[PDB]
């Protein structure tokens, strides 16, 4: 059963409306009906103390795409990628 993994990297100090962006992302994920999310905190990072936050979502491609369309209206740096995975039931 084919799915996409969506991985989002951002900083903990990143804000949306003064409030933590990663919390806002997890909350949009939930409001959109995503199957789930897992959030990690790193110990070190750089892109281009403010620690990496990483979200992983495994969902149907259509759902990841819908979420991507929301993420688009948000200015943060970090990184977004997807990858194909096979979910086992």
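Positions refer to the first chain, counted from 1.
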Extent of unmodelled deposited sequence, residue 49 relative to residue 48: 10 or more
Lowest, middle or highest third: where is residue 10 by C-alpha B factor in its chain? lowest
Third of chain Cα B-factors occupied by residue 67: highest
Where does the C-alpha B-factor of residue 24 rank in its chain, lowest, middle or highest third? lowest
Of the three thirds of its chain by CA temperature factor, lowest, middle or highest, which one includes residue 79? middle
